[PDB]
Amino acid sequence: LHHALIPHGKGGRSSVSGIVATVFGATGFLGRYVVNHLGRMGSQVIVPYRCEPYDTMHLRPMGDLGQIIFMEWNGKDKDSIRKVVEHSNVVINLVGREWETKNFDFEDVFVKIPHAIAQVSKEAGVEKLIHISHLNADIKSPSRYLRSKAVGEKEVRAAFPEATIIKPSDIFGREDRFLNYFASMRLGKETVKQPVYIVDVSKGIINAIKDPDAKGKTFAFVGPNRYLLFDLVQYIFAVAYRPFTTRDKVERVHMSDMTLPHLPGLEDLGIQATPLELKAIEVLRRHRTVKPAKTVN
Amino acid sequence: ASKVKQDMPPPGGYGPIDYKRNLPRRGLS
Amino acid sequence: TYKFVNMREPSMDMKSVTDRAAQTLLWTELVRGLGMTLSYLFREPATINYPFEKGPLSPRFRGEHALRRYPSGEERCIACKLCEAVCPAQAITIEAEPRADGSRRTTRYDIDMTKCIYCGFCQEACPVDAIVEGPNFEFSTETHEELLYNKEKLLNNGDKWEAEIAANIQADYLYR
Amino acid sequence: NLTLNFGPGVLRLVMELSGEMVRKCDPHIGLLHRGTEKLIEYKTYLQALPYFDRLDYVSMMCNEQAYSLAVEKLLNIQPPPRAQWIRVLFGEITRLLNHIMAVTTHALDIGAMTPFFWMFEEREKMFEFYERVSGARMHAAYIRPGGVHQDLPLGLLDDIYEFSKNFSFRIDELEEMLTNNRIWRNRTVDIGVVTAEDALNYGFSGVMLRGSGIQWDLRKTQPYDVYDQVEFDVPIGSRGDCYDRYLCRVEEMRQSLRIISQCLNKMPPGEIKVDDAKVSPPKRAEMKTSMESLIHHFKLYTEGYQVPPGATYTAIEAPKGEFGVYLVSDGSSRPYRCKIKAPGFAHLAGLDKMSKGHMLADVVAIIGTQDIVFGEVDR
Amino acid sequence: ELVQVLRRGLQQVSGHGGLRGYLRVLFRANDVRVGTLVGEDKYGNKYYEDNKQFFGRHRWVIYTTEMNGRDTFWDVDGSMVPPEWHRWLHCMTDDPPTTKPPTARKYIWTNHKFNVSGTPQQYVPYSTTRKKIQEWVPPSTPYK
Amino acid sequence: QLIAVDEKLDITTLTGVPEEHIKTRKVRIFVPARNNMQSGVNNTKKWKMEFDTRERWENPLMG
Amino acid sequence: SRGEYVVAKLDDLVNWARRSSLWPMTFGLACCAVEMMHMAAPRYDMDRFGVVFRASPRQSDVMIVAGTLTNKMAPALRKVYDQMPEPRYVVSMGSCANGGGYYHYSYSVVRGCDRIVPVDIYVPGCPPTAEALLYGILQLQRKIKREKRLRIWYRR
Amino acid sequence: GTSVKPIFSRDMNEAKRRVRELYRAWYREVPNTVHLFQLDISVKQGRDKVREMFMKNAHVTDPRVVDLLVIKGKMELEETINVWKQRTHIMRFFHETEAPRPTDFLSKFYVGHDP
Amino acid sequence: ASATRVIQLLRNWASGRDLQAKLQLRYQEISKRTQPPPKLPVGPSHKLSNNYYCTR
Amino acid sequence: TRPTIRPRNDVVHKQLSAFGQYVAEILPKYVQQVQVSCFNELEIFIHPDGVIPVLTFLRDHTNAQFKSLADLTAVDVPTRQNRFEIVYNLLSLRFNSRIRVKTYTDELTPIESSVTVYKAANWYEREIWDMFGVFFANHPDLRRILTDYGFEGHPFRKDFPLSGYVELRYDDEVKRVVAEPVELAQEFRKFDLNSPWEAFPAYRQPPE
Amino acid sequence: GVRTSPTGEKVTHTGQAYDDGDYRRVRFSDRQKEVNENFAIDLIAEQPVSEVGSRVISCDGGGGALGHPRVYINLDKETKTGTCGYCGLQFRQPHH
Ligand SMILES: CCCCCCCCCCCCCCCCC[C@@H](O)O[C@H](CO[C@H](O)CCCCCCCCCCCCCCC)COP(=O)(O)OCC[N+](C)(C)C
Ligand SMILES: NC(=O)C1=CN([C@@H]2O[C@H](COP(=O)(O)OP(=O)(O)OC[C@H]3O[C@@H](n4cnc5c(N)ncnc54)[C@H](OP(=O)(O)O)[C@@H]3O)[C@@H](O)[C@H]2O)C=CC1
Ligand code: SF4
Ligand code: SF4
Ligand code: SF4
Ligand SMILES: [Zn+2]
């Protein structure tokens, strides 16, 4: 199995895990954690970056000498994608944008780019492809965000039959846009939210790479508890000791989180989901100058 | 043949080197 | 023998006391320091206009490493591994094997320039003048990996700097 | 009484203040502990030599000389006369470098900052001599346990004489800036006074002894290389304060100039290392033409020389004080133990007593007058 | 006196080829001194000497406008000096390569290169030894 | 003044070694064999304690 | 059209302002700091390039790690690095900071400061001469001249 | 015979008394440390960690070893009281960033050559 | 130093000492960078006879 | 004796031998052995219980008055029952002389601290506790001085690994510096340099 | 004499070249692979064989002290040519 791809060492920084991962969109919120988890076990990471290298400067300490290679690419171009995934045996797609741009709308970000990545990964002989899309992604959605997410899911499934699709819902992390977004507001009682910890999603992606029978499966990474939006925002404002983006985001946050009991979740990957209360203090300690919100199950 | 040549002080040594403190007085009562 | 630095007894007559009082009240020594600084302002500075002028160096100066070769063009290194054994920082890794013609040559010769301390022990333990520490010092790098030299890099360095490397060795080999 | 932490050489200092006063001072060291003494046990003596440049990285050749003297004493060999004269010459040059560093950085911490540049020009010149004689500006590794690595290039002595004949006015400009200045005196006079008995008991050495009136110097009392063949005076303080130690260091600069002149005039001819190819390597030509020379070069640069078993404590008068090494050899080419004694350790230990009932700003003056380089403190 | 120093300033301006060359050297080297030309480089570098200046400023180089592959009108560095002029410029010798040139060898580079860090031409380390342990290759003919 | 305790000495808790490097390692106490390439016998005088060989692998960079 | 031209001109002006005023803070950890102080000396005059001498941690632009980083010292280094504003660049000076150097196989030494902070320029030597540190600073200046933030923002 | 020079205690009762004293001191310090260093753990978790660190040495039967361990424990307690330690040092007790090393035979057989 | 006489007088008066006698900038008075070959005499034990190693 | 051999001094040898015999006569309760090196270095081996008396005598006696403590260190010899060897180096300015006092201890037996005799010993003793684990009794403040806070083990013991057990890096997941089991990209090459054909017949040992 | 690998890479003088399936080639994409063009084996192959009329010859590599240790080469075997162990030069007796 290409002997140089055999794991060696003790799973440390200088060890060899046999994983050669190309992580598209690694300069994001989830990309940094994925690259950290991949590099701390000794895997080789190719980081394809669109921005200036200064914005990729923080990824360098995450791996040992030569374990992280940074490469320029363009989403509109197929040759760059081809040359970035030439030698990888794992490809992870984390490309996403929450708003509109005069160069990239939702269809290019969530449909065209994932389709190109999947097609080139299949033509290049990549063994594993991992794709990330929203939990509430449905074709019949009012929002173009989640409609494009669903179309991208279908198209990447068509292009890469053995692709693993992950559908995380409202991940909350130190550098997230869920707890910070609510804490920066300084409407509900019918909408329910099911937030998932950033580290849980990172470990889920890592295990899905490791898991042998998670080839064509579809996962839904969700947290331990379902929260009404009003009391969740109340708890967010209470933890920060505080008294209580154009159109798509408010529509998305007003939508309730779906429930998909038939799909496997984090439990299938041997991960105990972390409740929000434990990490809420960690996230919101920086918004300052106990009575956790009630849940529904 | 060749005669020994290495770094040596010149004949008669070097010139005197001043090392005492020299703090002059400008002069006004 | 020994000296006393601060056992000078000031005079207590009226003239010395008046001089000390005038020094205290009119700040003579502070103005004296001002005069010294003013004098230093009016003399030529010691600055050189880098990178157009360069600081003086000598043939003994030791900077970036290089692997040399004979005038025929065949590399001097015979894989004796004395430079590897003498290296205080363990910055040299060597692997050898017989060549196609049976020559004793290295198939791997790496120097970790982030481990090297630039002591010059390697170039003085070499019996065949193969490894030298040349006069280049402007080889700063944007990544850690490019400071990990292999045999090809050192051979290219030797081919690149051979002219003045040989000139310096000619100038300094009688002291060795 | 509040406890405050002056954190990040690099030093962490835990002090309790009752208003302006200092009640307890606690230096926390180990921020530059690299484990040099343990790493030496894994090297041969020649491989262990370059560690001493990095020990006290302001006075390099003095550490080289102390290590070389210890290894010579254990090996039962002596260096040739020209090697000894070169050693004393470069030791005095190193003393000049160290004292410039100490005085200029002390004044810079006080706030003067002009003599720093004035004298770092001369430091750069002295650096050129190191570069010319060895090929490295700072960590030369020139002085070896058998003598010196190489002989002087043909033009070095003239340039040393030309540099040393103009240095007196540089010291004089420094003294104009600092010696008679009233602000400098009020910053340093009657600060950090230590009595002779307390300085002696606490393990002080160098100026910390001489500043308190104790007439002690290792170059005079226990001379090592050729220091008994040169004449110089030893400045002695009277009050034990920072001002007296500053004066002592300046007068040491002048006496070092005197010794440098004497060393230039009396340089003898001859070889540079012990003519015993089982300790010092043969010349390159001899190695390339003779069989015994090649065998000895091979064995010395792969295994090294075997030192007879025994333990020694060899100390020299480094510019910072008594610098010593306790070297234990089990009979192989790899030292069994190498304890390194630096005066900075004892001086920083005495810092707590030295700063009783002083201002917060006086602690900087005391640290400066101790001249603490944390490479030798932490080792 | 003052008239003499102003006269030497005017001669200094005139010795750079007029006002355009004076301004060019002022904006490229931040220095407008004039010295005797020691030699010319194959890449366009010029080398000047003035023994009346103190040690360190008695030798200098004006870098070329265009080196191997980029415009170095503004982007200059000390790695553009070829080894022979490197030895002369750093005062390792008193003899420029013009008076006596270095020995010529068939393996010495004919075209000096600069420090290529942060460039597609940068050095990438790799292992130079071959594969140590050879795996077994199963036969392609079925066993039964 | 004297405890006069009767128990076998064991300083394991005071050395700072990790727990896995104590009950899993196997030291070997031996007099090293003479190198047959040489006839000298000065390296066969003392006893040596050495640990068992563990895994060594090739670095992906620089090998 | 005109938008890309104007954004490129603004980007060039911002880069020129940034690289013409570099305010460094230096950890005088070990011997390499001495050579740092020789770059500030009259002969080299790091000030004449617009690079001030001993800026404060609050308004520092570039970080020079000049010496050996130990296990007892790494958290302090990272804490100081996190304090720096805006665009911050790190320069690793000497073998000890680059990859551990002569104390690489030591129980109390961090094997390279790039385990703790991201490094932009690696200056090799033991110690690097003030010439070499000046060369590294000028190389960092050229690298800053190369970067292009506003053009990427426009094409984003 | 087997007679040795004491350090602080003469028999196991005094050593046990000193161990109880040290445990009381650490137990009282846990919440103050958790608040002061701005921890991410709870006080119950910190006291559980203290209990685990104590139980790690529960097999010692030598009063000299026990009271030397007690001396060390007071040393780290003194380090923690005076905030000599940074936030990182306190965590070094929890190994939060290390991957879980399995103990069963099959897992060790699969992962590597390590026994 | 190529300094005008008036500037030399001003600097000498301000410092109080004659600066031109001993300047801190190095000039043609230094030694040449290219030197003749040396010879470097041999040590005392380079004899051909009566030089048995057991005696030294 | 040619210029390649370090000359011997016999006057100092005899003086040091006489003074060592003098110290031995005065303090027979503690002194176990006295030696003089071939390079005129006097060392005294004493029982551990006599650290405070003997040192005090050497500090306070009119003939000795060794007022300065040059250095205090420990040497680790694992093959001995008493593992650690405590060495005191003393300097006498009145007589321009140096002496060495040597003592033995093990992992569990403490040593009386000589802070009451020499203040300089204070920090030195701390270092020993930090580097060898030797406990010093009646010390004003005994704690680590060189190693990192919470460092487990004493690095200068001969059985401590050269590279230690843990190494430090930065983790962005926890946003802090963490410690992990040590893994080296290049393991330290161990060189067998000891040669057969012993060098010094003067130090030969009986073949038991 | 620098050869080219079947993939397209350059093979060094030691015979090193990543094969088709080796992932490590990714380190060279968008960058360059450092290969020395001057091969010592080819350069020493083209040297002329020196003719001396003595049964034993001496070789120090040329340059005296700037070469390699002096060695002596026997030329009795007329079948082949005596080769210096250090320099790689060849010597041979004037047969016929
Ligand atoms: C009053 C209104 C102000 C509005 C805001 C503007 C701020 C103040 C306006 C002043 C602008 C100053 C620009 C002048 C800088 C040119 C410097 C030039 O000489 O440098 C050279 C030219 O380099 C670059 O090619 C030039 C880039 C400068 C920017 C070009 C003009 C941009 C101005 C746009 C202003 C519009 C403002 C709109 C918002 C209000 C290269 O030097 P460098 O490489 O460094 O150093 C190399 C070292 N050497 C010399 C020894 C070899
Ligand atoms: N709360 C959350 O964040 C959860 C995220 N989603 C999905 O998870 C994925 C990653 O999330 P997250 O890391 O937070 O998103 P980020 O906003 O942090 O960045 C996503 C990455 O994709 C790259 N990227 C974005 N747009 C483009 C583009 N048009 N062309 C090229 N590259 C682009 C970005 O690089 P650059 O710096 O150049 O812009 C960036 O590195 C996304 O696909 C998202 O849809 C799943 C549930 C919610
Ligand atoms: S210069 Fe010294 S440290 Fe560097 S490779 Fe040579 S021997 Fe090793
Ligand atoms: S470089 Fe010299 S010392 Fe090193 S292996 Fe080659 S021939 Fe031997
Ligand atoms: S060894 Fe080199 S890098 Fe380390 S402190 Fe000394 S000079 Fe600096
Ligand atoms: Zn030959």
# chains A, B, ... in the order shown; residues from 1 in each chain; ligands from 1
>>> interface_residues(of="chain J", to="chain I", cutoff="8 Å", atoms="only C-alpha atoms", output="VMD selection string")
chain J and resid 1 to 5
>>> write_last_selection(atoms="N, CA and C atoms", output="PDB file, in the first residue's frame")
ATOM      1  N   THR J   1      62.893  16.407  31.897  1.00  0.00           N
ATOM      2  CA  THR J   1      61.733  17.285  31.819  1.00  0.00           C
ATOM      3  C   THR J   1      61.974  18.410  30.820  1.00  0.00           C
ATOM      4  N   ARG J   2      61.366  18.278  29.657  1.00  0.00           N
ATOM      5  CA  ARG J   2      61.543  19.217  28.561  1.00  0.00           C
ATOM      6  C   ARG J   2      60.461  20.287  28.619  1.00  0.00           C
ATOM      7  N   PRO J   3      60.496  21.301  27.725  1.00  0.00           N
ATOM      8  CA  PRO J   3      59.486  22.367  27.813  1.00  0.00           C
ATOM      9  C   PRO J   3      58.067  21.913  27.508  1.00  0.00           C
ATOM     10  N   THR J   4      57.886  20.645  27.161  1.00  0.00           N
ATOM     11  CA  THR J   4      56.565  20.099  26.883  1.00  0.00           C
ATOM     12  C   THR J   4      55.912  19.474  28.107  1.00  0.00           C
ATOM     13  N   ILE J   5      56.553  19.544  29.269  1.00  0.00           N
ATOM     14  CA  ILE J   5      56.060  18.915  30.488  1.00  0.00           C
ATOM     15  C   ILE J   5      55.857  19.994  31.539  1.00  0.00           C
TER      16      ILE J   5
END
>>> select_by_dssp(residues="segment 81-171 of chain C", states="strand (DSSP E or B)", output="ChimeraX atom specification")
/C:92-98,104-112,131-133,141,148-149
>>> closest_atom_pairs(of="chain J", to="chain H", cutoff="8 Å", atoms="only C-alpha atoms", output="Markdown table")
| residue | atom | partner | partner_atom | distance |
| --- | --- | --- | --- | --- |
| J:108 | CA | H:64 | CA | 6.5 |
| J:109 | CA | H:5 | CA | 6.1 |
| J:110 | CA | H:7 | CA | 6.7 |
| J:137 | CA | H:7 | CA | 8.0 |
| J:143 | CA | H:75 | CA | 6.4 |
| J:149 | CA | H:85 | CA | 6.4 |
| J:150 | CA | H:76 | CA | 6.8 |
| J:171 | CA | H:97 | CA | 7.9 |
| J:174 | CA | H:97 | CA | 7.7 |
| J:176 | CA | H:88 | CA | 6.6 |
| J:177 | CA | H:88 | CA | 6.1 |
| J:178 | CA | H:88 | CA | 6.5 |
| J:179 | CA | H:92 | CA | 6.6 |
| J:180 | CA | H:98 | CA | 6.9 |
>>> residues_around(residues="residue 27 of chain B", least_positions_apart="4", cutoff="12 Å", atoms="only C-alpha atoms", output="PyMOL selection string")
(chain C and resi 19+28) or (chain I and resi 16)
>>> write_last_selection(atoms="N, CA and C atoms", output="PDB file, in the first residue's frame")
ATOM      1  N   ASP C  19      35.213  77.510  45.136  1.00  0.00           N
ATOM      2  CA  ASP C  19      35.195  76.853  43.832  1.00  0.00           C
ATOM      3  C   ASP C  19      34.124  75.772  43.779  1.00  0.00           C
ATOM      4  N   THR C  28      29.110  73.881  36.353  1.00  0.00           N
ATOM      5  CA  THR C  28      30.264  73.887  35.461  1.00  0.00           C
ATOM      6  C   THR C  28      30.502  72.519  34.829  1.00  0.00           C
TER       7      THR C  28
ATOM      8  N   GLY I  16      38.363  70.183  24.632  1.00  0.00           N
ATOM      9  CA  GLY I  16      39.481  70.579  25.458  1.00  0.00           C
ATOM     10  C   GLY I  16      40.789  69.882  25.159  1.00  0.00           C
TER      11      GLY I  16
END
>>> interface_residues(of="chain C", to="chain F", cutoff="12 Å", atoms="only C-alpha atoms", output="PyMOL selection string")
chain C and resi 92-95+108-112+144-151
>>> write_last_selection(atoms="N, CA, C and O atoms", output="PDB file, in the first residue's frame")
ATOM      1  N   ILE C  92      26.287  17.198  11.186  1.00  0.00           N
ATOM      2  CA  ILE C  92      26.671  16.579   9.923  1.00  0.00           C
ATOM      3  C   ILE C  92      26.179  15.141   9.911  1.00  0.00           C
ATOM      4  O   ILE C  92      26.358  14.410  10.891  1.00  0.00           O
ATOM      5  N   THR C  93      25.548  14.744   8.809  1.00  0.00           N
ATOM      6  CA  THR C  93      25.101  13.376   8.590  1.00  0.00           C
ATOM      7  C   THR C  93      25.685  12.879   7.276  1.00  0.00           C
ATOM      8  O   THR C  93      25.533  13.534   6.242  1.00  0.00           O
ATOM      9  N   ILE C  94      26.352  11.730   7.317  1.00  0.00           N
ATOM     10  CA  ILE C  94      27.078  11.200   6.170  1.00  0.00           C
ATOM     11  C   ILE C  94      26.681   9.749   5.945  1.00  0.00           C
ATOM     12  O   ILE C  94      26.553   8.973   6.898  1.00  0.00           O
ATOM     13  N   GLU C  95      26.473   9.391   4.680  1.00  0.00           N
ATOM     14  CA  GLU C  95      26.319   8.009   4.252  1.00  0.00           C
ATOM     15  C   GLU C  95      27.122   7.786   2.980  1.00  0.00           C
ATOM     16  O   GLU C  95      27.104   8.614   2.066  1.00  0.00           O
ATOM     17  N   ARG C 108      25.309  10.535   0.760  1.00  0.00           N
ATOM     18  CA  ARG C 108      24.518  11.483   1.529  1.00  0.00           C
ATOM     19  C   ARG C 108      25.456  12.328   2.370  1.00  0.00           C
ATOM     20  O   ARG C 108      26.292  11.784   3.091  1.00  0.00           O
ATOM     21  N   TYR C 109      25.318  13.649   2.279  1.00  0.00           N
ATOM     22  CA  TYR C 109      26.141  14.560   3.076  1.00  0.00           C
ATOM     23  C   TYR C 109      25.282  15.780   3.408  1.00  0.00           C
ATOM     24  O   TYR C 109      25.184  16.716   2.613  1.00  0.00           O
ATOM     25  N   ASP C 110      24.685  15.766   4.593  1.00  0.00           N
ATOM     26  CA  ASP C 110      23.805  16.836   5.035  1.00  0.00           C
ATOM     27  C   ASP C 110      24.447  17.602   6.179  1.00  0.00           C
ATOM     28  O   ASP C 110      25.061  17.006   7.066  1.00  0.00           O
ATOM     29  N   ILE C 111      24.290  18.921   6.161  1.00  0.00           N
ATOM     30  CA  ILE C 111      24.636  19.772   7.290  1.00  0.00           C
ATOM     31  C   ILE C 111      23.380  20.527   7.690  1.00  0.00           C
ATOM     32  O   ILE C 111      22.751  21.185   6.854  1.00  0.00           O
ATOM     33  N   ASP C 112      23.010  20.429   8.964  1.00  0.00           N
ATOM     34  CA  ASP C 112      21.897  21.195   9.516  1.00  0.00           C
ATOM     35  C   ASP C 112      22.448  22.545   9.952  1.00  0.00           C
ATOM     36  O   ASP C 112      23.116  22.653  10.980  1.00  0.00           O
ATOM     37  N   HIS C 144      12.418  27.483   7.497  1.00  0.00           N
ATOM     38  CA  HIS C 144      13.338  26.630   8.239  1.00  0.00           C
ATOM     39  C   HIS C 144      13.901  25.516   7.370  1.00  0.00           C
ATOM     40  O   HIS C 144      15.055  25.112   7.551  1.00  0.00           O
ATOM     41  N   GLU C 145      13.107  25.012   6.426  1.00  0.00           N
ATOM     42  CA  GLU C 145      13.521  23.855   5.642  1.00  0.00           C
ATOM     43  C   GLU C 145      14.725  24.170   4.765  1.00  0.00           C
ATOM     44  O   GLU C 145      15.623  23.334   4.618  1.00  0.00           O
ATOM     45  N   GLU C 146      14.772  25.366   4.174  1.00  0.00           N
ATOM     46  CA  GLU C 146      15.860  25.683   3.255  1.00  0.00           C
ATOM     47  C   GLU C 146      17.199  25.860   3.952  1.00  0.00           C
ATOM     48  O   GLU C 146      18.215  26.002   3.265  1.00  0.00           O
ATOM     49  N   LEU C 147      17.229  25.885   5.280  1.00  0.00           N
ATOM     50  CA  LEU C 147      18.480  25.917   6.021  1.00  0.00           C
ATOM     51  C   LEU C 147      18.989  24.526   6.358  1.00  0.00           C
ATOM     52  O   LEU C 147      19.890  24.392   7.188  1.00  0.00           O
ATOM     53  N   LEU C 148      18.423  23.494   5.743  1.00  0.00           N
ATOM     54  CA  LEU C 148      18.829  22.106   5.942  1.00  0.00           C
ATOM     55  C   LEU C 148      19.503  21.660   4.647  1.00  0.00           C
ATOM     56  O   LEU C 148      18.842  21.266   3.687  1.00  0.00           O
ATOM     57  N   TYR C 149      20.830  21.734   4.626  1.00  0.00           N
ATOM     58  CA  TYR C 149      21.587  21.529   3.400  1.00  0.00           C
ATOM     59  C   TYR C 149      21.826  20.049   3.146  1.00  0.00           C
ATOM     60  O   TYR C 149      22.045  19.273   4.078  1.00  0.00           O
ATOM     61  N   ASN C 150      21.790  19.662   1.877  1.00  0.00           N
ATOM     62  CA  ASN C 150      22.147  18.321   1.447  1.00  0.00           C
ATOM     63  C   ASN C 150      23.395  18.381   0.568  1.00  0.00           C
ATOM     64  O   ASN C 150      24.021  19.434   0.413  1.00  0.00           O
ATOM     65  N   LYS C 151      23.774  17.235   0.002  1.00  0.00           N
ATOM     66  CA  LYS C 151      25.021  17.166  -0.751  1.00  0.00           C
ATOM     67  C   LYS C 151      24.977  18.045  -1.993  1.00  0.00           C
ATOM     68  O   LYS C 151      25.972  18.693  -2.337  1.00  0.00           O
TER      69      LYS C 151
END
>>> residues_around(residues="residue 12 of chain B", least_positions_apart="5", cutoff="12 Å", atoms="only C-alpha atoms", output="NGL selection string")
:D and (264-266)
>>> residues_around(residues="segment 347-361 of chain D", least_positions_apart="6", cutoff="6 Å", atoms="only C-alpha atoms", output="count of residues only")
5
>>> closest_residue(among="E:142, E:78, E:56, E:15", to="ligand 1", atoms="only C-alpha atoms and all ligand atoms")
E:78
>>> residues_near_ligand(ligand="ligand 3", cutoff="8 Å", atoms="only C-alpha atoms and all ligand atoms", output="short mmCIF file (atom, residue, chain, number, x, y, z; two decimals) with N, CA and C atoms, in the first residue's frame")
data_model
loop_
_atom_site.label_atom_id
_atom_site.label_comp_id
_atom_site.auth_asym_id
_atom_site.auth_seq_id
_atom_site.Cartn_x
_atom_site.Cartn_y
_atom_site.Cartn_z
N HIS C 65 29.05 27.05 4.44
CA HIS C 65 29.85 25.88 4.11
C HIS C 65 29.82 25.59 2.61
N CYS C 83 34.87 14.78 9.78
CA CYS C 83 34.09 15.98 10.05
C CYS C 83 32.83 15.65 10.83
N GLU C 84 32.21 14.51 10.53
CA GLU C 84 31.03 14.09 11.27
C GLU C 84 31.37 13.75 12.71
N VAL C 86 34.02 14.94 14.52
CA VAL C 86 34.51 16.07 15.30
C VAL C 86 33.44 17.12 15.57
N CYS C 87 32.36 17.13 14.79
CA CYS C 87 31.33 18.16 14.88
C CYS C 87 30.78 18.27 16.30
N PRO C 88 31.03 19.39 16.99
CA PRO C 88 30.54 19.53 18.37
C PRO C 88 29.03 19.50 18.48
N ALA C 89 28.31 19.98 17.46
CA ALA C 89 26.86 20.09 17.51
C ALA C 89 26.14 18.94 16.84
N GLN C 90 26.86 17.94 16.34
CA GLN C 90 26.27 16.81 15.62
C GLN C 90 25.41 17.28 14.45
N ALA C 91 25.93 18.24 13.70
CA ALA C 91 25.20 18.87 12.61
C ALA C 91 25.49 18.26 11.25
N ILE C 92 26.29 17.20 11.19
CA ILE C 92 26.67 16.58 9.92
C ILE C 92 26.18 15.14 9.91
N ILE C 111 24.29 18.92 6.16
CA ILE C 111 24.64 19.77 7.29
C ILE C 111 23.38 20.53 7.69
N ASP C 112 23.01 20.43 8.96
CA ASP C 112 21.90 21.20 9.52
C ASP C 112 22.45 22.54 9.95
N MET C 113 22.17 23.58 9.16
CA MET C 113 22.71 24.90 9.46
C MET C 113 21.99 25.59 10.61
N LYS C 115 21.59 23.73 13.38
CA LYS C 115 22.35 23.12 14.46
C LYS C 115 23.81 23.53 14.46
N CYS C 116 24.32 24.02 13.34
CA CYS C 116 25.73 24.36 13.22
C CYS C 116 26.06 25.57 14.09
N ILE C 117 27.25 25.54 14.68
CA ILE C 117 27.77 26.63 15.48
C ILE C 117 28.93 27.34 14.81
N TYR C 118 29.28 26.96 13.59
CA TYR C 118 30.24 27.69 12.76
C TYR C 118 31.59 27.83 13.46
N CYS C 119 32.05 26.72 14.05
CA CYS C 119 33.32 26.68 14.76
C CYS C 119 34.50 26.38 13.85
N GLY C 120 34.26 25.79 12.68
CA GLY C 120 35.33 25.46 11.76
C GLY C 120 36.07 24.18 12.05
N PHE C 121 35.60 23.37 13.01
CA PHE C 121 36.28 22.12 13.32
C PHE C 121 36.25 21.17 12.14
N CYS C 122 35.15 21.18 11.38
CA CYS C 122 35.00 20.27 10.25
C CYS C 122 36.04 20.55 9.17
N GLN C 123 36.31 21.82 8.89
CA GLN C 123 37.24 22.16 7.82
C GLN C 123 38.69 21.97 8.23
N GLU C 133 34.49 26.12 5.15
CA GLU C 133 33.49 27.05 5.63
C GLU C 133 33.84 28.40 5.02
N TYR G 102 23.40 24.52 19.38
CA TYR G 102 24.39 23.77 20.14
C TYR G 102 23.81 23.15 21.40
#
>>> atom_distance(atom1="atom CA of residue 157 of chain D", atom2="atom CA of residue 284 of chain D")
24.8 Å
>>> atom_distance(atom1="atom CA of residue 80 of chain G", atom2="atom CA of residue 53 of chain G")
17.9 Å
>>> residues_near_ligand(ligand="ligand 4", cutoff="6 Å", atoms="only C-alpha atoms and all ligand atoms", output="list in words")
residues 77, 78, 79, 80, 81, 82, 83, 125, 126, 128, 130 and 131 of chain C
>>> residues_near_ligand(ligand="ligand 5", cutoff="7 Å", atoms="only C-alpha atoms and all ligand atoms", output="ChimeraX atom specification")
/C:117 /D:54,139 /G:30-32,66-68,93-97,101-102,125-127
>>> residues_near_ligand(ligand="ligand 1", cutoff="9 Å", atoms="only C-alpha atoms and all ligand atoms", output="VMD selection string")
(chain C and resid 49 to 52) or (chain E and resid 26 to 30 72 to 77) or (chain G and resid 6 8 to 17 19 to 20 49 138 141 to 142 145)
